[PDB]
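Take a look at this single chain, the form deposited in one PDB entry, given in structure tokens.
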């Protein structure tokens, strides 16, 4: 799935002819040095997602973080508070 530094338009060309939603490639972005981009076919067009990096060197596309404790709590009523177990928050009685 890794296509090196192929032009963005060529990635769109290849993916547009793909039959299945989700057909994808990783390419090296012509924008900023050292960047990676994920191009994916979805429906009638091709979408591009920047591969992000953090200070530790890790990769990610998107992460969920919260502007308030209240939003963290409400989010974890339906997503587990633990990576290793399914634990969902319920109000104290």
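Definition used throughout: the rigid core is the maximal C-alpha set that superposes within 1.5 Å between two forms. Numbering follows the first chain given and starts at 1. Shifts are known only where both forms have a C-alpha.
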Stretch with the greater mean C-alpha B-factor as recorded in the entry, comparing 63-71 against 30-38: 30-38
Higher-B stretch (mean Cα B-factor, as the entry records it), 72-80 or 8-16: 8-16
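Quick note: we don't show the form deposited with a partner chain bound, though the next part is all about it.
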Touches its partner chain in the deposited complex: residue 44 (any heavy atom, 4.5 Å): no
Core superposition between this form and the one not shown, C-alpha change of residue 9 at least 2 Å: no
CA of residue 68, rigid core aligned, shift of 2 Å or more between this form and the one not shown: yes
Cα-Cα shift for residue 66 and residue 59, closer or farther in the deposited complex, minimum 3 Å: closer
Cα distance between residue 72 and residue 56, which in the deposited complex differs by 3 Å or more from this form, closer or farther: closer
Runs in sequence order between this form and the one not shown, three or more residues long, with CA shifts of 2 Å or more on the rigid core: 64-93
